[PDB]
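Chemist: This structure is in structure tokens; I'll ask about it shortly.
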Amino acid sequence: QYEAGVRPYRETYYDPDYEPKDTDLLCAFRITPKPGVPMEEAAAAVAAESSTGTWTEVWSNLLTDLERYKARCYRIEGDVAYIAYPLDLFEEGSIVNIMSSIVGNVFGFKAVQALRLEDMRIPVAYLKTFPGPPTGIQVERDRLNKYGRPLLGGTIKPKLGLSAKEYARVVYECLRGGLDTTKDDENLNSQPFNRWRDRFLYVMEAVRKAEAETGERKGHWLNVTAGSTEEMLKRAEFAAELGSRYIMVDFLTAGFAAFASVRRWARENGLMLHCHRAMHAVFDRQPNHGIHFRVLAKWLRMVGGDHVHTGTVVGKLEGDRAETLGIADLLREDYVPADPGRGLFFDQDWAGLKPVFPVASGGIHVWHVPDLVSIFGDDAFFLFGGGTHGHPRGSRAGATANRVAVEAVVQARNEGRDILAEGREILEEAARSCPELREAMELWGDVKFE
Amino acid sequence: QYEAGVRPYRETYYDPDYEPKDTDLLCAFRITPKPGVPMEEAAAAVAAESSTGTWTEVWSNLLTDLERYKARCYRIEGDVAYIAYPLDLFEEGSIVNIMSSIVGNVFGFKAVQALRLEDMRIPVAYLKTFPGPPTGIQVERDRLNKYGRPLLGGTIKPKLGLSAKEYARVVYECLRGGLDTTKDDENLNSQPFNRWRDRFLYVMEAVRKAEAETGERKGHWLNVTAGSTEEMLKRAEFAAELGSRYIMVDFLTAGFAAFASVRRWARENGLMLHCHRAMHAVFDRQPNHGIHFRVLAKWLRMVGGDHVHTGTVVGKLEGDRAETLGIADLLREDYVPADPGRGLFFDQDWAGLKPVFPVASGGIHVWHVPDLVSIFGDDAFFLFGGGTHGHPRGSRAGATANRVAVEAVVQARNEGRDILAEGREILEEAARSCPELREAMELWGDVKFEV
Amino acid sequence: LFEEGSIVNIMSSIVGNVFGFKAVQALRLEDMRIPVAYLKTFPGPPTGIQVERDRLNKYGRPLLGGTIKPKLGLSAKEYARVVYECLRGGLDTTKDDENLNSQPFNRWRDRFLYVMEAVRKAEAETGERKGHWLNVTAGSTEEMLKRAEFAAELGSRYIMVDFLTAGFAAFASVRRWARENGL
Amino acid sequence: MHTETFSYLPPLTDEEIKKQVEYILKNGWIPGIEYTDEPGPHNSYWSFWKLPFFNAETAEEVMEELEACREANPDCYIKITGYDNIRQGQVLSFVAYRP
Amino acid sequence: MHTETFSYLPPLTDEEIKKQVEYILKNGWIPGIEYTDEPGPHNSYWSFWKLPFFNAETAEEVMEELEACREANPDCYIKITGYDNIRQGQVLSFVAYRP
Amino acid sequence: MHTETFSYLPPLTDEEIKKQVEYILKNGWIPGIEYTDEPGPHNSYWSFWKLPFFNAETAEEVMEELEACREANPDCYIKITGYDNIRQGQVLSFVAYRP
Amino acid sequence: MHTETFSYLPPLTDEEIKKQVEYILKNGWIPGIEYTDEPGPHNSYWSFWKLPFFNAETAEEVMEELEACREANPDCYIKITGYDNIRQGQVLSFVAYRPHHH
Ligand SMILES: O=C(O)[C@@](O)(COP(=O)(O)O)[C@H](O)[C@H](O)COP(=O)(O)O
Ligand SMILES: O=C(O)[C@@](O)(COP(=O)(O)O)[C@H](O)[C@H](O)COP(=O)(O)O
Ligand SMILES: [Mg+2]
Ligand SMILES: [Mg+2]
Ligand SMILES: [Mg+2]
């Protein structure tokens with residue numbers, strides 16, 4: 001009663017005459033087929049097994065309208081396949097569903113030996129089913145009363161091992177020395193040497209004390225990351241009871257469903273949400289396989305994070321300058337045109353969703369500030385962990401050095417100076433009035449990353 | 001008051017004199033250093049930046065006991081660095097915490113061009129802080145009243161696009177034809193063409209009907225995967241209201257914190273929990289960089305899944321025979337000795353945690369059944385999606401073919417026949433009493449994947 | 001053989017029936033080695049010595065306390081007068097007697113209210129942080145948690161429980177509640 | 001009415017049944033016999049014929065008990081079980097006689 | 001008392017303040033002047049000096065208003081603001097005069 | 001205003017202070033100095049004088065820093081601390097100078 | 001026992017049934033045949049007679065399958081269905097044969 005048997009995926013799932021609709025979700029995949037498998041069949045397999053298809057024809061295909069629902073590869077350029085997915089394929093508001101289709105099984109087929117999702121065009125009609133950041137850059141700056149410069153932060157170190165009381169001592173020194181924020185390390189959750197309730201309590205004493213002493217509003221990114229959603233929400237509740245402006249979630253290790261739970265809680269309780277991308281380099285680093293960070297950044301803005309780490313380019317963790325410029329635009333602008341020089345494969349309209357602060361962190365110190373300001377502009381956080389507490393005179397002096405560095409470079413940029421050409425000179429000028437900065441420059445002047 | 005400045009990581013975090021404790025968590029990392037960076041320094045960077053250290057010395061290091069708390073690379077062998085993490089570094093019962101340390105930042109360092117987490121030794125004292133499977137193999141067989149053979153299942157197809165009522169018609173035909181279970185596709189959650197409440201309602205009518213008509217207990221793995229934890233629990237609650245024995249979660253795409261929430265809810269509400277590993281190959285496909293599935297499988301058993309997919313070896317998705325045998329032992333046994341030939345760098349004692357069903361699924365059909373029984377033994381689910389609905393006479397006939405093939409091979413094995421040497425003959429003998437199997441064999445006899 | 005995190009289970013096996021056998025005329029449990037893997041299933045103290053010294057801001061000496069006397073019979077207001085005199089004289093803490101719970105001459109809500117006025121007053125006057133070990137011991141777990149909740153509402157740093165007379169299952173309930181409520 | 005393992009194969013002969021009993025014994029598991037006139041999915045607890053045969057040494061001894069159970073209960077379904085006390089679970093169960 | 005952007009640098013000269021106003025104007029943003037005797041972190045709404053200078057064409061016009069605000073309110077902190085109506089957000093704010 | 005350990009004894013002389021510093025050093029703990037003009041029970045975080053003296057080898061070195069802190073902050077209370085990094089906690093804290 | 005569409009009309013002749021099959025086919029819908037001995041309102045899933053006739057081109061083809069179903073299942077109610085895969089819904093369903101005990 002039907003034609004049973006195996007068919008080529010290309011027959012149904014490759015259609016080079018197809019014109020994408022503005023409601024389609026588009027994927028750019030870089031494909032390494034198994035030897036002898038042509039790009040068209042490899043791309044069709046990806047399209048089929050992320051949408052409606054399987055490995056042999058089934059009688060029940062005839063009970064629905066596969067021409068309407070199927071994903072289809074509609075263009076191949078070299079090793080890049082462009083695949084269009086109809087809007088109807090996706091659950092509204094669910095990044096979990098996007099991943100379960102687009103990256104669910106298709107990275108593990110014998111027929112495709114490597115696969116990298118380079119970019120995705122999320123259509124406006126799907127974006128509007130997401131709430132975006134619970135706060136967003138502009139409201140966050142209003143809540144902080146801070147305008148006109150990058151914001152300063154810093155991870156407390158050692159990563160693990162400090163008691164709650166001494167942990168908050170480090171927070172107090174940093175914040176009172178001029179950092180706007182401090183943060184728990186991504187792996188500091190609740191442990192025998194530092195239990196979360198003790199930490200939250202003492203840290204918030206230190207935040208309030210530094211705010212009173214400096215006159216500037218302060219925050220600490222209290223890490224609510226935990227083993228279950230309920231436990232994360234319990235930790236968030238205590239942060240709100242203490243009047244923290246902030247909580248923090250490791251959105252990939254906790255995972256997207258728990259992250260969405262925490263975003264809703266943050267919005268309803270008036271807390272801003274720092275997002276740490278722990279685990280991302282497991283699969284966003286190699287050029288032949290995984291998911292490029294720019295796709296993760298899009299998903300992050302959709303669920304709703306107020307900030308996400310984007311790399312530094314110049315510090316201890318890998319990051320490409322051109323790609324990072326594109327990611328910063330994806331996180332902050334209303335509309336981002338395609339740009340092959342930045343690996344932006346598609347135009348991205350953001351449908352009015354609020355913007356996310358890029359966060360530059362990891363192995364950076366005062367000498368990187370001209371580069372960081374040049375790359376990111378004002379709407380970013382620059383975090384100095386080792387680069388604060390590793391100051392020869394400790395964390396208050398280190399914080400002051402970093403705050404002065406950022407302000408001196410902003411001032412110079414606003415006056416019209418080329419902060420890349422004059423970066424060292426601007427720092428040297430500022431160090432004439434700031435011995436903390438002079439000492440930081442001397443300590444780390446030989447410390448460069450490729 | 002202290003010696004500020006940058007020191008090589010190896011000064012503090014490389015200690016080949018260190019002897020691992022029974023309470024340490026151990027990792028085996030395959031490291032490709034940046035050219036010019038010695039293996040010792042690359043391994044110490046990984047050790048430092050997944051535990052206590054950073055890129056420059058800090059005054060506050062002296063306020064704690066880094067000798068007690070630091071991770072230490074204690075052995076480098078070829079391209080593998082062995083790193084020991086003290087028990088105190090970890091949050092009890094939290095896979096999320098394990099990941100945030102072990103795989104949080106270290107895969108992105110400029111100093112290490114590629115990094116592959118091959119295995120980790122979870123210490124018994126830490127394992128006891130985890131609940132394990134909500135049901136586990138033995139209790140699940142008791143709940144199903146099924147003993148002595150692999151269990152049969154199958155994903156409904158097309159993956160997406162069937163209405164709820166016709167989706168349930170396919171479920172009904174499969175279950176009444178002899179599959180023990182059926183499942184939602186991993187990407188079928190709630191969508192315009194098939195909304196989850198409609199699907200759950202009709203599917204459970206079909207499950208009850210097939211159970212009553214066959215006399216055998218049935219289940220459908222109702223996918224509760226959703227955008228938020230609260231939504232997943234709402235879907236689980238409805239499945240329990242409907243008397244489903246099962247729900248399903250995509251534990252990696254939902255993520256480990258929401259997975260733990262679903263495990264607790266499933267346990268408290270009497271549901272068994274199928275775990276689909278969607279997204280795993282994003283992390284685990286390449287041999288030079290990422291996390292091998294065996295590590296994800298350990299974490300799965302700890303949080304508590306009743307089944308997880310393990311690969312077929314012989315089907316459409318990649319999976320090596322030796323590594324799959326290692327993963328099956330990790331999921332099912334009380335104690336698993338090391339064997340680097342299977343990628344098991346450490347011995348793993350499971351501290352009494354319940355076992356997980358391996359699930360073999362993807363591109364398999366009746367001709368694979370002798371190999372599947374040989375690889376997995378009785379304690380596995382074999383899933384036939386296309387291999388059921390793609391039968392020339394449809395899903396009931398396909399289900400019967402698959403059930404007969406499994407039973408015939410189990411029978412022959414138990415009698416002492418060599419099911420590899422005689423696999424074809426066993427199937428041919430069974431097909432003389434089972435036209436459905438004969439037709440499945442004719443249809444797919446030329447369909448093979450490389451192994 | 002043991003249920004994770006349950007002292008009650010340990011007791012029910014180890015000391016459940018074996019002390020009453022005719023075959024064994026006397027039996028004394030001297031010690032037990034709790035294995036590390038089982039210990040990790042228990043949370044331990046809600047605060048512990050180091051965090052408690054941090055909360056008190058007290059370092060380098062034994063801490064001072066004292067049970068209010070007579071054990072029973074003082075009104076709530078005069079009970080708190082004795083607390084005030086003790087704390088303002090240099091004790092770090094004071095405590096309810098173990099058998100002072102809620103009784104006709106001194107009901108727990110009255111005592112908790114007045115005692116915390118005295119604690120705050122002595123703290124303000126001496127400049128040193130003070131506490132009173134408000135006894136939440138009661139006939140049922142729910143009643144104990146109700147008393148703990150009021151102590152937290154009043155900003156007490158402490159509550160007290162008679163862990164053997166209340167019993168280990170209710171003690172675990174109070175430990176969890178104390179931890180979650182900052183006591 | 002299907003009866004779980006081997007129900008989709010032709011009914012087992014005495015010699016086929018005996019080979020499954022030999023498999024149970026070879027693996028060191030405990031053979032047992034259970035019977036019922038209510039075999040449906042509501043029933044987790046068929047009637048025991050005697051106790052599980054902890055002391056059985058040969059498949060022939062089990063086969064004799066199967067014949068005795070059938071003579072006493074010819075109106076019942078009768079199943080052979082095999083129990084593994086190390087996993088605390090049944091490891092094989094199939095119907096040997098249908099009324 | 002620190003006053004947010006540029007508070008960790010030496011107090012700005014009039015020439016330095018004018019350059020920041022020139023930056024506000026070059027970017028198409030709206031310069032404004034606010035003042036208060038309560039500059040602490042509780043205070044989100046300093047007093048406006050007139051309205052935001054929507055019509056200002058030159059930095060010199062803004063500096064004249066700053067001097068006039070300084071002369072009327074020499075006991076107050078005085079800040080320069082720059083507003084971007086396209087993002088609906090302040091894009092630069094710093095104290096130009098401290099009492 | 002009492003100041004916790006030794007506050008109920010007569011104020012310590014320099015020689016008595018030095019003996020407590022010797023006790024801190026003898027036990028391998030880290031001496032530190034903190035000061036404040038707000039010593040009451042609301043304040044968990046007095047101002048650090050420099051950093052904890054991780055590198056101190058003699059009680060005389062600590063006593064010299066105490067004299068320097070007092071010369072710089074004669075209007076403050078000044079306390080000697082001793083920190084044990086193995087317990088991650090302070091093990092002795094007392095006031096050495098009152099304004 | 002009423003049987004939904006056309007149940008309130010006189011039981012259909014074979015010629016009347018065939019006209020309804022011709023209507024299903026004319027509209028490009030998929031004819032099907034289902035049967036049961038439990039037709040009441042609890043039953044959403046009658047037994048399929050084969051699969052839906054995806055390849056049927058003539059009403060006579062379907063009528064032959066109806067007769068074959070009735071001969072094999074004379075104790076059963078037998079209904080004709082029409083399915084529209086573009087709406088993913090059944091568009092016509094009616095009983096063509098009732099057993100003698102009706
Ligand atoms: O754990 C760490 O190494 C850090 O605290 C940096 O410490 P330092 O400031 O002392 O370098 C941050 O988590 C990384 O920057 C995250 O990497 P990314 O931002 O690329 O996600
Ligand atoms: O979507 C699919 O392809 C499947 O439904 C198989 O369908 P078929 O039965 O028709 O092949 C399963 O999800 C895969 O087996 C999962 O891969 P794995 O088990 O390796 O995680
Ligand atoms: Mg970190
Ligand atoms: Mg699937
Ligand atoms: Mg007493």
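Residue numbering restarts at 1 in every chain; chains get A, B, ... in the order shown in the structure tokens, and ligands count up from 1 in that same order.
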Find the spatial neighbours of range 49-60 of chain D, counting only C-alpha atoms, within a cut-off of 6 Å - ignore same-chain residues fewer than 5 positions away - and output them as a ChimeraX atom specification.

Modeler: /D:21-22,30-34

Chemist: Collect all residues with atoms no farther than 9 Å from ligand 2, counting only C-alpha atoms and all ligand atoms, and output them as number ranges by chain.

Modeler: A: 49-50, 52-56, 58, 104-106, 108-109; B: 154-159, 183-187, 276-281, 308-312, 315-319, 359-365, 383-390

Chemist: Determine which residues of chain F sit within 12 Å of chain C, taking into account only C-alpha atoms, and present them as a PyMOL selection string.

Modeler: chain F and resi 1-9+20+23-24+38-46+79-95

Chemist: Give me a file of those residues, with N, CA, C and O atoms, as a compact mmCIF listing (two decimals), in the first residue's frame.

Modeler:
# COMPACT_ATOMS: atom_id res chain seq x y z
N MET F 1 32.40 50.63 75.81
CA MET F 1 32.68 49.80 74.63
C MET F 1 33.74 48.74 74.97
O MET F 1 34.94 49.06 75.17
N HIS F 2 33.30 47.49 75.05
CA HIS F 2 34.25 46.40 75.16
C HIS F 2 34.65 45.91 73.78
O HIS F 2 33.91 46.07 72.79
N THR F 3 35.82 45.30 73.72
CA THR F 3 36.48 44.99 72.45
C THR F 3 36.88 43.52 72.40
O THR F 3 37.94 43.16 71.90
N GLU F 4 36.03 42.64 72.95
CA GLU F 4 36.22 41.16 72.86
C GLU F 4 37.47 40.72 73.61
O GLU F 4 37.67 41.14 74.76
N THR F 5 38.30 39.82 73.06
CA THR F 5 39.28 39.12 73.90
C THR F 5 40.24 40.08 74.60
O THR F 5 40.88 40.93 73.97
N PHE F 6 40.34 39.93 75.92
CA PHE F 6 41.21 40.66 76.87
C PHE F 6 40.61 42.02 77.23
O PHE F 6 41.20 42.74 78.04
N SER F 7 39.42 42.36 76.71
CA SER F 7 38.79 43.63 77.04
C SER F 7 38.40 43.74 78.51
O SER F 7 38.17 44.85 79.00
N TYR F 8 38.27 42.62 79.22
CA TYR F 8 37.92 42.64 80.63
C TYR F 8 39.14 42.64 81.53
O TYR F 8 38.98 42.64 82.76
N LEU F 9 40.34 42.70 80.95
CA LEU F 9 41.60 42.85 81.67
C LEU F 9 42.07 44.28 81.54
O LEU F 9 41.60 45.02 80.66
N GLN F 20 51.70 38.34 73.23
CA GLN F 20 50.63 37.73 72.44
C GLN F 20 51.04 37.56 70.99
O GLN F 20 50.71 36.55 70.35
N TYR F 23 53.12 34.56 70.78
CA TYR F 23 52.26 33.37 70.78
C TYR F 23 51.71 33.06 69.39
O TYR F 23 51.71 31.90 68.95
N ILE F 24 51.24 34.09 68.70
CA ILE F 24 50.76 33.92 67.32
C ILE F 24 51.86 33.33 66.44
O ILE F 24 51.64 32.35 65.71
N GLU F 38 34.95 52.84 64.04
CA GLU F 38 33.61 52.32 64.30
C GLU F 38 33.69 50.88 64.82
O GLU F 38 33.32 49.94 64.11
N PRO F 39 34.11 50.69 66.08
CA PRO F 39 34.38 49.33 66.59
C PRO F 39 33.16 48.52 67.03
O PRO F 39 33.34 47.38 67.50
N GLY F 40 31.94 49.02 66.90
CA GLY F 40 30.80 48.37 67.49
C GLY F 40 30.41 47.04 66.82
O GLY F 40 31.03 46.58 65.84
N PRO F 41 29.37 46.42 67.36
CA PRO F 41 29.02 45.05 66.93
C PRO F 41 28.44 44.98 65.51
O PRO F 41 28.25 43.88 64.97
N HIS F 42 28.15 46.12 64.88
CA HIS F 42 27.69 46.12 63.51
C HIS F 42 28.83 45.91 62.52
O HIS F 42 28.56 45.63 61.34
N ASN F 43 30.09 46.06 62.94
CA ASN F 43 31.22 46.15 62.01
C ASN F 43 32.02 44.85 62.04
O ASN F 43 32.76 44.61 62.99
N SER F 44 31.90 44.03 60.99
CA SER F 44 32.70 42.81 60.90
C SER F 44 34.04 43.01 60.20
O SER F 44 34.85 42.09 60.18
N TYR F 45 34.29 44.21 59.63
CA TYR F 45 35.37 44.40 58.67
C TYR F 45 36.09 45.71 58.99
O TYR F 45 35.87 46.71 58.31
N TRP F 46 36.95 45.69 60.00
CA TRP F 46 37.80 46.83 60.25
C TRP F 46 38.77 47.05 59.08
O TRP F 46 38.97 46.16 58.24
N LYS F 79 43.61 46.71 66.48
CA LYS F 79 43.60 45.35 66.99
C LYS F 79 44.67 44.52 66.29
O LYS F 79 44.99 44.74 65.11
N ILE F 80 45.25 43.61 67.07
CA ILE F 80 46.14 42.58 66.56
C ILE F 80 45.30 41.34 66.28
O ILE F 80 44.43 40.96 67.09
N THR F 81 45.49 40.75 65.11
CA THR F 81 44.86 39.49 64.74
C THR F 81 45.91 38.41 64.51
O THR F 81 47.08 38.68 64.23
N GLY F 82 45.46 37.15 64.57
CA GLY F 82 46.29 36.02 64.19
C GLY F 82 45.43 35.06 63.41
O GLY F 82 44.36 34.67 63.88
N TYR F 83 45.86 34.72 62.20
CA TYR F 83 45.05 33.93 61.28
C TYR F 83 45.70 32.57 61.07
O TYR F 83 46.91 32.48 60.87
N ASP F 84 44.88 31.52 61.08
CA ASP F 84 45.33 30.16 60.81
C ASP F 84 44.76 29.72 59.45
O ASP F 84 43.57 29.43 59.35
N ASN F 85 45.61 29.66 58.42
CA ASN F 85 45.13 29.34 57.08
C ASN F 85 44.76 27.86 56.96
O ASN F 85 44.08 27.49 55.99
N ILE F 86 45.18 27.02 57.91
CA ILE F 86 44.79 25.60 57.88
C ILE F 86 43.35 25.42 58.36
O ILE F 86 42.65 24.52 57.89
N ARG F 87 42.86 26.25 59.27
CA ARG F 87 41.44 26.16 59.67
C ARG F 87 40.61 27.20 58.91
O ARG F 87 39.39 27.18 59.03
N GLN F 88 41.27 28.07 58.16
CA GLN F 88 40.59 29.20 57.49
C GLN F 88 39.78 30.00 58.50
O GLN F 88 38.58 30.25 58.33
N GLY F 89 40.45 30.43 59.57
CA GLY F 89 39.78 31.21 60.59
C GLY F 89 40.76 31.96 61.46
O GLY F 89 41.91 31.54 61.64
N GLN F 90 40.30 33.08 62.02
CA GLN F 90 41.06 33.83 63.01
C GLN F 90 41.13 33.03 64.31
O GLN F 90 40.13 32.48 64.77
N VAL F 91 42.30 33.01 64.92
CA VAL F 91 42.49 32.25 66.14
C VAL F 91 42.83 33.13 67.33
O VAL F 91 42.83 32.63 68.46
N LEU F 92 43.04 34.42 67.12
CA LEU F 92 43.21 35.35 68.24
C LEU F 92 43.01 36.76 67.72
O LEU F 92 43.53 37.10 66.66
N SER F 93 42.24 37.57 68.42
CA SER F 93 42.05 38.96 68.00
C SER F 93 41.87 39.77 69.27
O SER F 93 41.03 39.40 70.10
N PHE F 94 42.66 40.84 69.46
CA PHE F 94 42.46 41.68 70.63
C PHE F 94 42.87 43.11 70.30
O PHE F 94 43.70 43.35 69.41
N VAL F 95 42.29 44.06 71.04
CA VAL F 95 42.63 45.48 70.85
C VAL F 95 43.91 45.82 71.59
O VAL F 95 44.05 45.58 72.80

Chemist: Go through the chains and note each residue within 12 Å of ligand 5, using only C-alpha atoms and all ligand atoms, then give the set as a ChimeraX atom specification.

Modeler: /C:65-72,94-101,133,135,160-162

Chemist: Enumerate as a PyMOL selection string all residues of chain F assigned to helix (DSSP H, G or I) by DSSP on the backbone, naming them with the chain letters and numbers the document uses.

Modeler: chain F and resi 14-26+59-72

Chemist: Mind listing the residues within 8 Å of ligand 1, only C-alpha atoms and all ligand atoms counted, as a PyMOL selection string?

Modeler: (chain A and resi 154-157+159+184-187+276-278+280+309-312+315-319+359-364+383-388) or (chain B and resi 49-50+54-56+104-105+108)

Chemist: Please measure the separation of CA of residue 269 in chain B and CA of residue 135 in chain B, giving the value in Å to one decimal.

Modeler: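 About the pair CA of residue 269 in chain B and CA of residue 135 in chain B: they are 11.5 Å apart.
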
Chemist: Report as a PyMOL selection string the set of chain G residues whose atoms approach chain B to within 12 Å, with distances computed over only C-alpha atoms.

Modeler: chain G and resi 42-53+83-90

Chemist: Write out as a list in words every residue belonging to chain A that has an atom at most 7 Å from any atom of chain G, counting only C-alpha atoms.

Modeler: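 Residues of chain A within 7 Å of chain G, counting only C-alpha atoms: residues 1, 2, 62, 63, 64 and 65 of chain A.
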
Chemist: Please provide the set of residues having any atom within 6 Å of residue 36 in chain E, restricted to only C-alpha atoms, with same-chain residues fewer than 3 positions apart removed, written as a ChimeraX atom specification.

Modeler: /E:46-47,76-77

Chemist: Hey, what's within 9 Å of residue 28 in chain A if we count only C-alpha atoms and toss same-chain stuff fewer than 3 positions away? As a list in words, please?

Modeler: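 My reading of the contact set: residues 80, 81, 82, 83, 116, 117, 118, 119, 120, 121, 345 and 346 of chain A.
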
Chemist: As an NGL selection string, please: the residues near residue 75 in chain C (cut-off 9 Å, only C-alpha atoms, same-chain neighbours under 5 positions excluded).

Modeler: :C and (80 or 105-107 or 110-111)

Chemist: Output as CSV one row per residue of chain A within 6 Å of chain E: the closest atom pair and its distance in Å to one decimal place, counting only C-alpha atoms, sorted by chain and residue number ascending.

Modeler:
residue,atom,partner,partner_atom,distance
A:138,CA,E:89,CA,5.9
A:147,CA,E:92,CA,4.9
A:148,CA,E:92,CA,3.8
A:214,CA,E:1,CA,5.5
A:215,CA,E:1,CA,5.1
A:216,CA,E:41,CA,5.7
A:217,CA,E:41,CA,5.8
A:404,CA,E:8,CA,5.6
A:407,CA,E:6,CA,5.6
A:414,CA,E:23,CA,5.8
A:415,CA,E:19,CA,5.6

Chemist: Given the selection you just returned, output its residues as a file containing N, CA, C and O atoms, formatted as a compact mmCIF listing (two decimals), in the first residue's frame.

Modeler:
# COMPACT_ATOMS: atom_id res chain seq x y z
N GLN A 138 20.37 48.95 29.15
CA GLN A 138 19.97 50.30 29.52
C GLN A 138 19.35 50.32 30.91
O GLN A 138 19.70 51.17 31.73
N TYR A 147 27.04 55.59 33.93
CA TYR A 147 26.97 55.86 32.50
C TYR A 147 28.30 56.36 31.98
O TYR A 147 28.95 57.15 32.65
N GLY A 148 28.67 55.95 30.77
CA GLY A 148 29.79 56.58 30.10
C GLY A 148 31.14 55.87 30.18
O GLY A 148 32.15 56.46 29.78
N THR A 214 32.17 54.35 49.58
CA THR A 214 32.55 54.99 48.32
C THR A 214 31.48 55.93 47.76
O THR A 214 31.81 56.80 46.95
N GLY A 215 30.23 55.74 48.12
CA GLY A 215 29.14 56.48 47.50
C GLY A 215 28.71 55.99 46.12
O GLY A 215 27.83 56.62 45.51
N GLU A 216 29.29 54.90 45.61
CA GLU A 216 28.91 54.34 44.31
C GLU A 216 28.16 53.04 44.52
O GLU A 216 28.52 52.24 45.40
N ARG A 217 27.13 52.78 43.72
CA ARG A 217 26.39 51.54 43.91
C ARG A 217 27.27 50.36 43.52
O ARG A 217 28.05 50.43 42.57
N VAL A 404 41.21 53.22 37.45
CA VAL A 404 41.89 54.40 36.91
C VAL A 404 42.27 54.15 35.45
O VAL A 404 42.08 55.02 34.58
N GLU A 407 39.18 54.46 33.25
CA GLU A 407 38.72 55.84 33.13
C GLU A 407 39.68 56.71 32.32
O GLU A 407 39.24 57.55 31.53
N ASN A 414 37.53 59.76 24.29
CA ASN A 414 36.51 60.79 24.10
C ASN A 414 37.13 62.11 23.66
O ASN A 414 36.47 62.90 22.97
N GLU A 415 38.37 62.37 24.04
CA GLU A 415 39.04 63.57 23.56
C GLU A 415 39.52 63.47 22.12
O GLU A 415 40.02 64.47 21.57

Chemist: Identify all chain B residues at most 12 Å from chain F by counting only C-alpha atoms; ligands do not count. Present them as a compact mmCIF listing (two decimals) with N, CA and C atoms, in the first residue's frame.

Modeler:
# COMPACT_ATOMS: atom_id res chain seq x y z
N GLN B 1 54.08 42.05 51.51
CA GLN B 1 53.81 40.95 52.41
C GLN B 1 53.81 39.59 51.71
N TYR B 2 53.89 39.54 50.37
CA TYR B 2 53.87 38.26 49.66
C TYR B 2 54.58 38.43 48.32
N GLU B 3 54.90 37.30 47.67
CA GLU B 3 55.67 37.38 46.43
C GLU B 3 54.68 37.50 45.28
N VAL B 58 48.23 35.44 43.95
CA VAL B 58 47.39 36.43 44.65
C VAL B 58 47.62 36.36 46.15
N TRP B 59 47.54 37.53 46.80
CA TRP B 59 47.80 37.59 48.24
C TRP B 59 46.89 36.65 49.03
N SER B 60 45.66 36.45 48.56
CA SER B 60 44.68 35.68 49.33
C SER B 60 44.90 34.16 49.27
N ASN B 61 45.80 33.67 48.40
CA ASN B 61 46.17 32.26 48.43
C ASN B 61 46.65 31.84 49.82
N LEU B 62 47.32 32.76 50.52
CA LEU B 62 47.90 32.48 51.82
C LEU B 62 46.87 32.47 52.94
N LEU B 63 45.61 32.82 52.65
CA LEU B 63 44.54 32.72 53.63
C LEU B 63 43.89 31.34 53.61
N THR B 64 44.36 30.42 52.77
CA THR B 64 43.77 29.08 52.81
C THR B 64 44.87 28.04 52.72
N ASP B 65 44.46 26.79 52.59
CA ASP B 65 45.33 25.63 52.65
C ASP B 65 45.38 25.02 51.24
N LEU B 66 46.15 25.65 50.36
CA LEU B 66 46.21 25.14 48.99
C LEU B 66 46.80 23.74 48.93
N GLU B 67 47.65 23.34 49.88
CA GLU B 67 48.17 21.97 49.85
C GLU B 67 47.02 20.98 50.01
N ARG B 68 46.02 21.36 50.82
CA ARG B 68 44.86 20.51 50.99
C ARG B 68 43.91 20.57 49.79
N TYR B 69 43.68 21.77 49.22
CA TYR B 69 42.57 21.97 48.29
C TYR B 69 42.94 21.88 46.81
